[PDB]
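Visitor: Per the authors' numbering, the sequence shown starts with residue 49, numbered consecutively. For every residue, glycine included, the Cβ atom is placed at its ideal position computed from N, Cα and C. Right, I'll just put the structure down here and ask away after.
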Amino acid sequence: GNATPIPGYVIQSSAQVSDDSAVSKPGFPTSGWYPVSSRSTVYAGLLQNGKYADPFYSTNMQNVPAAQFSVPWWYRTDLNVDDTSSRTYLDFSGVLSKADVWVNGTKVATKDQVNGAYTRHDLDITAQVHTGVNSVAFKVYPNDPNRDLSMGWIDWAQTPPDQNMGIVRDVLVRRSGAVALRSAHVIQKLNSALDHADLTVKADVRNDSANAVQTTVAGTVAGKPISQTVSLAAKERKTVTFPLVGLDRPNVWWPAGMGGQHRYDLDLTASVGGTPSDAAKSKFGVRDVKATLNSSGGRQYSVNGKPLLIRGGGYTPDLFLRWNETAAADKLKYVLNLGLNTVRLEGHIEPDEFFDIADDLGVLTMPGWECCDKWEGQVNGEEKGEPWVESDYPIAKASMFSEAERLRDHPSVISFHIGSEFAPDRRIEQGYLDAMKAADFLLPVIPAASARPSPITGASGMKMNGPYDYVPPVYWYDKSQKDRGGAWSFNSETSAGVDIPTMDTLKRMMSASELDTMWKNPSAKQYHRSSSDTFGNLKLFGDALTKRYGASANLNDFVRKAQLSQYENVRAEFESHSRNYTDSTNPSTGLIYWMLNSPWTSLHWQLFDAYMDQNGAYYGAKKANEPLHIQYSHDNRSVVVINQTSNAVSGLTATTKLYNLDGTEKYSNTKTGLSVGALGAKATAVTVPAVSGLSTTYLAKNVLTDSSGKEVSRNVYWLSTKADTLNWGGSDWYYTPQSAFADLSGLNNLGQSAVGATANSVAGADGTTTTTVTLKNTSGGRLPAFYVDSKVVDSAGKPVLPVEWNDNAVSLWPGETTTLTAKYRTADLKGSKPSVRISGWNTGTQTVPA
């Protein structure tokens, strides 16, 4: 019952190996071969060793010769085998694109069999294993995402020079007696009251011995003993189905904030002749999920019978598939810090630990296949992926089975997208459905992330109408254009494009001259945006920033304006979809922001950056998704309250005030006694009237306070008397041009205010530090302290990351105080005492000891 991951390999080009058989022979010389950890692509392995400069900086990645990766690279290792009494197996997936497998000078599998990133292989190498030093070598073939059923990067970033070839998941060495236990899982069904579940345990046993055996498969499901005995002929594999197990008052798994994230255990041993032969331990959550089409045709998810507005982002791994468990946990915790409930994985489906973490944290996941490459190459037309041949069909189906088998028992998984872009055809779709049936994968299947139907499953209930680049905030409030990306139906992937990271991240990823060009000529191409010509520059964004904003006076000016723009836009995108969720006709049922994060250092499609720093887009998403939230509608000037929490709330007061940039209050309304239902319900406080005397750019301060008088939401909008308007007839697939632009340039001349800061830190026994910062507006006038950003830094002024704040990017009127709380690992201080850098739009920059 041993399953031990190969900890590492030495790698080299097949340019250097003239006899393939020789690599896997014990004692093969590997002088000048590169030592690499588990889960490395070739180029990540070369990075580990020296060998090229940081691809996260400037055009470093362009200087890597890519031709060396158009030939196979070997992954070789020793294994010590102390005892050959047990059988020996290689159990793996994650080979990009395909591989020959060798043990002790014998080829045990070819690239025709071991083929496809997602396919699982379970190779009995018992005939080849001997006592003492054994050796295993994979000849890994080049990866082409347009030709191979694999992973590729589409238009998200720049192409990795090796195209991610290598082994990106673990290779398990498995040991067992005559019988191998495989594919153990629990079918779980919960009643609608959620107080009783029925559990069906299934497990495969395989007799790999020469002789017929009796095996007993026994252990525990959810604390309850179970046992079955079966007969197996030599080389026979059987699926064992256990009698039904009742579970009363199950500890139901819930999404974060809706309850706990309990997972039960399955523990099974297959025994032969009164001796253990193989063993497996797994987990499962008791949880119902549905995703059905509403009366408007929108895809509507529900978990444990509770309908849910999906609020998420498109999640991506590292560009070079470099795996780190803590980094994965850190990215999923940021999801919760943002107040998001879901991540989408378009392809690049993460290793198991990612889903374990997501299960433990209560983050929902939407895995599926990606667009624009081999997966959709048969239904794609003039895409980039190649039409399918007969040998493609088995590989795709086997990939589905393997993914359905890994994913089925993770309660965070809420669906599988079998298409993206284009829905599968009948033949390909039938293969997917058959594979999921064979895996007992019982979650919702979605045919596409666009509006395209599949033949068997049918309507998607989703839309992919863009945008992917600059649109003003009011755009998101559109329900008139059925071919655009307003707040209605299920928005599977959309953003307003460019997301300039913080200055600290910028100085790490781009040269002074690269950065100079970014503010001076946004029309120029940026390597750290995208390889596609459509998204190769920042023109649409830079044009809107100047127009709306005001022209940039320097780099600092451009970055500060970018943060306001991103905050404003991302906030509006989310707030519109929260508001329209409870519409009687065409509600918004989902929004996945494009994207949560980037594979590398980027200028677009991210909430948090590659270093986990947090910018205007991060804080705007966090503002929008707060659990008890007040917001202003860009279309109709209604002030709206959203309750994301699992309980109805009452006695709320919503207070809305307008101010000119000189600090003059121009409007006040106090709406007391508000009630709002649970799980995304809303209430309207007031509709702000057109107010006479407003400065061209003015402020709207929205404050929500509960029945105890506590402030639970503060939301401040910088608004213009000049409307943003759309030229709908100029719309393309990725944006809608503007016919007129708001004038927010008055912010340029907002008088200086003052803050007002005190910080302290507590190093905890759990290895975390909490830094508390009290901020006050200490000015003697009427001016707010606007857009005040606090960052935990070290003694050298470098940000401590990852970090989680309760709130940030706050605005304080004179005399007003707020207390903010940041949490992070003590060790990420790297021995420095903590400080807090506080910068505001009109309050300057200071740092205070913490």
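Tell me which residue opens and which closes the alpha helix (DSSP H) that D564 is part of.
Guide: As a position in the sequence shown, residue 564 is number 516, starting the count at 1. First-last of the alpha helix (DSSP H) with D564: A560 to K568.
Visitor: What are the partner residues of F186, as DSSP defines its beta bridges?
Guide: Numbered from its first residue, the sequence shown carries residue 186 at position 138. According to DSSP, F186 bridges with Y123 and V149.
Visitor: The beta strand (DSSP E) that contains residue 30, what's its start and end?
Guide: For the chain, the structure presents residues 49 to 898; residue 30 sits outside this window and is missing.
Visitor: Give me the Cα-Cα distance between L386 and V411, rounded to the nearest whole angstrom.
Guide: By 1-based counting over the sequence shown, the position of residue 386 is 338. By 1-based counting over the sequence shown, the position of residue 411 is 363. Those two C-alpha atoms are separated by around 12 Å.
Visitor: Under the rule that 16 or more other beta-carbon atoms within 10 Å means buried, what is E418, buried or exposed?
Guide: Within the sequence shown, the letter at position 370 stands for residue 418. Buried, since its Cβ has 16 or more Cβ neighbours within 10 Å.
Visitor: What residue from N585, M306, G829 and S498 has the CA that sits closest to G728's CA?
Guide: Looking up residue 728 in the sequence shown gives position 680. When only C-alpha atoms are compared, the closest one is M306.
Visitor: Touch check for the region 50-69 and the region 213-223: three-plus C-beta pairs under 8 Å?
Guide: yes
Visitor: What did DSSP end up calling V688 once you bin it into helix, strand or coil?
Guide: The residue labelled residue 688 in the question sits at position 640 within the sequence shown. If DSSP states are grouped into helix, strand and coil, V688 belongs with the strands.
Visitor: Grouping DSSP H, G and I as helix and E and B as strand, with all else coil, what is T364?
Guide: Here residue 364 refers to the residue found at position 316 of the sequence shown. The answer is coil: DSSP assigns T364 none of H, G, I, E or B.
Visitor: Select from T154, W642, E621 and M643 the residue whose C-alpha is nearest the C-alpha of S636.
Guide: If you number the sequence shown from 1, residue 636 lands on position 588. Among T154, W642, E621 and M643, the Cα nearest to that of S636 is on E621.
Visitor: For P77, is the classification buried or exposed, using 16 other Cβ atoms within 10 angstroms of its Cβ as the cut-off for buried?
Guide: By 1-based counting over the sequence shown, the position of residue 77 is 29. That one is exposed.
Visitor: State buried or exposed for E430, treating a residue as buried only when at least 16 other CB atoms are found within 10 Å of its CB.
Guide: The count along the sequence shown starts at 1 and reaches residue 430 at position 382. Burial call: exposed.
Visitor: Does the beta-carbon distance from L644 to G362 come in below 8 Å?
Guide: Stepping through the sequence shown from its first residue, residue 644 is reached at position 596. Stepping through the sequence shown from its first residue, residue 362 is reached at position 314. Going by C-beta atoms, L644 is nearer than 8 Å to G362.
Visitor: Helix, strand or coil for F76 per DSSP?
Guide: By 1-based counting over the sequence shown, the position of residue 76 is 28. If DSSP states are grouped into helix, strand and coil, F76 belongs with coil.
Visitor: Out of curiosity, what's the CA-to-CA distance linking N108 and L676?
Guide: Along the sequence shown, read from residue 1 onward, the residue named residue 108 stands at position 60. Along the sequence shown, read from residue 1 onward, the residue named residue 676 stands at position 628. In a straight line, the C-alpha of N108 is about 45 Å away from that of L676.
Visitor: Rank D591, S600 and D457 by C-alpha distance to the C-alpha of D408 and give the top, closest one.
Guide: As a position in the sequence shown, residue 408 is number 360, starting the count at 1. Minimum Cα distance to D408 is reached at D457.
Visitor: With 16 other CB atoms within 10 Å as the buried threshold, where does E451 fall?
Guide: Locating residue 451 in the sequence shown gives position 403, counting from the first residue. Its Cβ being crowded by 16 or more others within 10 Å, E451 is buried.
Visitor: My guess is that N763 and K671 are in contact by the Cβ rule of under 8 Å, so how many angstroms apart are they, rounded?
Guide: Within the sequence shown, numbered from 1, the residue matching residue 763 stands at position 715. Within the sequence shown, numbered from 1, the residue matching residue 671 stands at position 623. At roughly 6 Å, the Cβ-Cβ gap stays under 8 Å, so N763 and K671 are in contact.
Visitor: Relative to the alpha-carbon of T287, which residue among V320, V269, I274 and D252 has its alpha-carbon at the smallest distance?
Guide: On the sequence shown, position 239 is the one that residue 287 refers to. Among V320, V269, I274 and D252, the Cα nearest to that of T287 is on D252.
Visitor: Could you tell me the distance, in whole angstroms, from the CA atom of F449 to the CA atom of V216?
Guide: As a working note, residue 449 is residue 401 in the sequence shown. As a working note, residue 216 is residue 168 in the sequence shown. Approximately 19 Å between the Cα atoms of the pair.
Visitor: Can you give the beta carbon distance from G416 to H465, rounded, assuming they're within the 8 Å contact cut?
Guide: Counting from 1 along the sequence shown, the entry for residue 416 is found at position 368. Counting from 1 along the sequence shown, the entry for residue 465 is found at position 417. Indeed they touch by this definition, with Cβ atoms about 3 Å apart.
Visitor: What's the C-alpha gap between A696 and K354?
Guide: On the sequence shown, residue 696 is found 648 positions in, with the first residue counted as 1. On the sequence shown, residue 354 is found 306 positions in, with the first residue counted as 1. Each residue's Cα considered, the two are about 14 Å apart.
Visitor: Would you check if the distance between the CB atom of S787 and the CB atom of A833 is smaller than 8 Å?
Guide: As a working note, residue 787 is residue 739 in the sequence shown. As a working note, residue 833 is residue 785 in the sequence shown. Contact: no.
Visitor: Within its chain, find whatever has a CB closer than 6 Å to the CB of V760; leave out the 5 residues flanking it on each side and keep chain order.
Guide: For the purposes of this step, residue 760 is taken as the residue at position 712 of the sequence shown. Same-chain partners within the cutoff: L676, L752 and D754.
Visitor: Return helix, strand or coil for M414, following the three-state DSSP convention.
Guide: The residue given as residue 414 occupies position 366 in the sequence shown. It is a strand residue.
Visitor: With distance defined between alpha-carbon atoms, name the residue in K839, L831, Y518 and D876 nearest to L860.
Guide: As a working mapping, residue 860 is identified with position 812 in the sequence shown. For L860, the nearest C-alpha among the options comes from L831.
Visitor: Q116 to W81, Cα distance in whole Å?
Guide: Start at 1 with the first residue of the sequence shown, and residue 116 comes out as number 68. Start at 1 with the first residue of the sequence shown, and residue 81 comes out as number 33. Computed Cα separation, rounded: 15 Å.
Visitor: For a quick check, are the C-beta atoms of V261 and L280 less than 8 Å apart?
Guide: The sequence position of residue 261 within the sequence shown is 213, counting from 1. The sequence position of residue 280 within the sequence shown is 232, counting from 1. The answer is yes: Cβ separation under 8 Å.
Visitor: Taking DSSP's pairing of strands, which residues face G180 in a bridge?
Guide: Within the sequence shown, residue 180 is the residue found at index 132, counting from 1. Bridge pairing for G180: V129 [DSSP].
Visitor: Which residues mark the beginning and the end of the beta strand (DSSP E) in which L238 is found?
Guide: On the sequence shown, residue 238 is found 190 positions in, with the first residue counted as 1. Its beta strand (DSSP E) spans residues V227 to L238.
Visitor: Rounding to the nearest angstrom, what Cα-Cα distance links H396 and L314 in this structure?
Guide: Sequence index remark: in the sequence shown, residue 396 carries index 348 (1-based). Sequence index remark: in the sequence shown, residue 314 carries index 266 (1-based). Taking the straight line joining both Cα atoms gives about 28 Å.
Visitor: For a test of the three-state rule: what should DSSP assign to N585, helix, strand or coil?
Guide: Counting from 1 along the sequence shown, the entry for residue 585 is found at position 537. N585: strand per DSSP, three-state reduction.
Visitor: Would you mind stating whether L369 and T89 have Cβ atoms separated by less than 8 Å?
Guide: As a first step, residue 369 must be located in the sequence shown, where it is residue number 321. As a first step, residue 89 must be located in the sequence shown, where it is residue number 41. For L369 and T89, yes; Cβs fall inside 8 Å.
Visitor: Quick check on the burial criterion: 16 or more other C-beta atoms within 10 angstroms. Buried or exposed for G804?
Guide: Counted from its first residue, the sequence shown places residue 804 at position 756. Answer is buried; the Cβ neighbour count reaches 16.
Visitor: Within 10 Å of its beta-carbon, does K730 have 16 or more other beta-carbons around it, so buried, or fewer, so exposed?
Guide: Within the sequence shown, numbered from 1, the residue matching residue 730 stands at position 682. Classification for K730: buried.
Visitor: Taking the beta strand (DSSP E) that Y82 belongs to, which residues open and close that run?
Guide: Counting from one through the sequence shown, the residue named residue 82 turns up at place 34. Unbroken beta strand (DSSP E) run through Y82: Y82 to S85.
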